[PDB]
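Shown below, as C-alpha cells, is a lone chain in the form solved without this ligand; questions about how it binds or moves come after it.
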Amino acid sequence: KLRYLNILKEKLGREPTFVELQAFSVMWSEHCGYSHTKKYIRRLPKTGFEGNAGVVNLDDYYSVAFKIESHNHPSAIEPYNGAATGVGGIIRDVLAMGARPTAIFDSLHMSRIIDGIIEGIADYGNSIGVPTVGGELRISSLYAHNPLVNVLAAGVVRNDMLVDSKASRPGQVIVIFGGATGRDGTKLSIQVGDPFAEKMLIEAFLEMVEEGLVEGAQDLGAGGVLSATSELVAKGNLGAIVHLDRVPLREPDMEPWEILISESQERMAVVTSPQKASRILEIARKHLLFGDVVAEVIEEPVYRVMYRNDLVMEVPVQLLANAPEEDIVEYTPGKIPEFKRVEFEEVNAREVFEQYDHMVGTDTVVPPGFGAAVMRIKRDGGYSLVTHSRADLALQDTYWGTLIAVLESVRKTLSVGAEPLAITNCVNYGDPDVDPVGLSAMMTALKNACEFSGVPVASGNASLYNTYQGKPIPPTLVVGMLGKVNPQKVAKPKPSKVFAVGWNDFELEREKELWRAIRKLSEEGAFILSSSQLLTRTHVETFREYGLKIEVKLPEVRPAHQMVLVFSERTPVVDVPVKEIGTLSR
C-alpha cells in the first residue's frame, strides 16, 4: 500500500489528510478499487445495450436484475453474522436496480457444514420473505480456514421502470435512507444485519420507485456513504457535495470521518430531483426508517465533503473512483491436461437447509435438485438460474478448470430447455501478487468461454487474498448463469429409459455438438441431467419426491467429461454417441 500511498501523494501533489487516508484506504482497497482485476474485467465481453450492469432483457417487457457477491472474509471471522449480512447486502444490490428481490441461490464452499453459515443464511432469508430457489454446496478440506460464501440474488423489473445506477445531471440530490448510521466496519469488521429493517427498506424503495421518485440508486455496503455517493456521481462524470451533518445517526458523538465510512447495514442511496425529496422521506418515515437529503450532485467533478460549514475533504472524484491499475499477464492456454479426481463432496442444499426450517426451490417449475432453478414469471414466460464451479479442476489447471465450469453451466441451462442469456460471476482467488498467473488464467478462461459460448458477462464480483498463512484457496470462479425458458416446455421426470449421451472425456471441439444434441432432445420433451458425477444422491433423493426409482449402470467417466443423462421413452437420435444404461420407474 506504500506504493499506492506514493501514487495518491503524487496525484494530490501533497501529503494526504487524516480523512483522505481513511477514504482512500477504503476506495483503493482491492475490495472496492479492483486494482488487480480492472484490466482483466475490461477484456470481458459484457452486456452492452443494457444501460446498467446486472439487468438483462428477458422478453422486451421484463428484465431480470441479478448479481452474485462474496462475503468470504466476514464469514471466516464470524460465520453466522458474515453469512446473514452477505445475504442482506446482495438483496439491497438487486433492489437498487429497481427489482423486487425474489430469488436467492447460494454457492457455499467449506471444509465442513459450518452450521453458522447455513443458519445465518436460513434465518435471514426466512425473516426477509425472499425465497431460496437453490444452492450449490461443496465440501473440501482445502477450504478449512477460508470458507467461501457467494450469494446470488435475482428479481424481475419492468423495462419501463428500470433504475439507473448513476446520477444524471447537476442539481439532482442524493437521499440516504434506511437504518441509522452507527460505528460499524477484527470483530470490528463484522456487522449485524437485520432482516426486519431490510424488509421495510424493500417496501419503501419499491413504493418510491412506483411513484416516480427514484432517478438513480445504489445500496450502501463497503465504504458506506463515501462509496455510494462518490460512485453514483463518478459513473455520471459529475461531482458531489456531501453534507455529513445530515446523515441520520444511531450514535450522536461520531466524528465526520466515521460518518463517511461507517458500514452500518440496511441503507440505500437514492438520486432524485430536490422537489421529490420530501415525499421520499415521507415514505421512508411511514416505513419506520430514517432518511435525509445528504448530497448535492454538481457539474464540477469534485468530491467535496462537509460537516456543517467545516470542510471535511475535497478531492477529484475520479481519483477516488479509479484505483491504481496493476498490469495484466498475457495468458497462453496450452493443451487440455489430463485431470486427477480430487475429493470434493456435494451436499444436498434442500436437506441441509430443512434443518433450519428453511425451504429451497418450493415455487419453481421443476426441483433445483435436478440442476437449475426454473422460475415462472408468466404462463409462457420464465427464467433459469444456475450456479456452478469446478475448483477441483481449476486446482490442477486454472484455465481449463475455469473454462469447463462455464461450459458446464451452459449444459445445465440447455438441459432444462433454457437459452443462456448472461453470466454473473464471482472470482474467488488467493494472493495475486504472489501468484499473478493464476488470476490471469481465470480471467482469460472467463473471457474465452464467454467468447466460445456467445454468452456475455452482465455483472460480477472479485474476492481476492483468500489465504491462510500464505496458502491460497483453490481458484474458484463461481458462474451464475441466467437463462430464458417457457415453463410450459419444461420436462418433469416420468417413467422412462435412461441413456448416457455424449463422451466420457473432454475435447473442446465437440462441446458444441453436445449442446446441439441437448437442445434437440430438450425440444422433444426429454428429461436431462447434466452433472460432473453423472448421477448423484441429490438426483436420487429428488426422484423419490416423484415416487420414482432409478436402476442404472453408469459409464466410467473422466473428471472432465462430455456426457449427460437423458430420460425418454425411446432412444435419442443425435449426432453424438448414445448408450442405454437403465430405467426410471414407478
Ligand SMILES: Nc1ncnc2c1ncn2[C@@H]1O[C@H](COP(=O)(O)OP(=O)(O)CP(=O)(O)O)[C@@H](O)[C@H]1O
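Counting begins at 1, following the sequence as shown. Take the two forms, find the largest set of C-alpha atoms that superpose within 1.5 Å, and that set is the rigid core. Only residues modelled in both forms are compared.
One more form of this protein exists, namely the form deposited with this ligand bound; it is left out here, but the text below deals with it.
Enquirer: Just one stretch in 520-528, 36-44, 56-64, 550-558 has heavy atoms within 4.5 Å of this ligand in the deposited complex, so which one is it?
Expert: Only one stretch qualifies here: 36-44.
Enquirer: May I ask you to state whether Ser230 is within 4.5 Å of this ligand in the deposited complex, using heavy atom distances?
Expert: Answer no; every heavy atom of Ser230 is more than 4.5 Å from this ligand in the deposited complex.
Enquirer: With the partner left out here, check for me: in the deposited complex, does some heavy atom of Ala240 sit within 4.5 Å of this ligand?
Expert: Result no; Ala240 lies far from this ligand in the deposited complex.
Enquirer: Can you tell me if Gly221 lies within 4.5 angstroms of this ligand in the deposited complex, counting non-hydrogen atoms only?
Expert: Contact with this ligand, yes.
Enquirer: With heavy atoms only and a cut-off of 4.5 Å, decide whether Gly460 touches this ligand in the deposited complex.
Expert: Yes, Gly460 is a contact residue.
Enquirer: Which residue, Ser262, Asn425, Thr413, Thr398, is the contact with this ligand in the deposited complex, using a 4.5 Å heavy atom cutoff?
Expert: Exactly one listed residue reaches within 4.5 Å, namely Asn425.
Enquirer: In a fit on the core, which one among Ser522, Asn52, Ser35, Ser531 has a Cα that moves 2 Å or more between this form and the one not shown?
Expert: Flagged residue: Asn52.
Enquirer: For a quick test of reading the superposition: does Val347 move by 2 Å or more at the CA between this form and the one not shown, rigid core aligned?
Expert: It does, since the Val347 C-alpha is displaced 2 Å or more between this form and the one not shown after the core fit.
Enquirer: Specify closer or farther for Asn348 and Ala103: how their Cα atoms are spaced in the deposited complex versus the shown form, given a shift of 3 angstroms or more.
Expert: Those two alpha carbons end up farther apart in the deposited complex.
Enquirer: Regarding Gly460 and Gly51, go with closer or farther for their CA spacing in the deposited complex versus this form, the difference being 3 Å or more.
Expert: Compared with the shown chain, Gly460-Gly51 is closer in the deposited complex.
Enquirer: Considering only residues modelled in both forms, extract each run of at least three consecutive residues whose CA displacement is 2 Å or more throughout between this form and the one not shown after core superposition, in sequence order.
Expert: Once the cores are aligned, runs 48-53, 345-352 are those whose C-alphas move by at least 2 Å.
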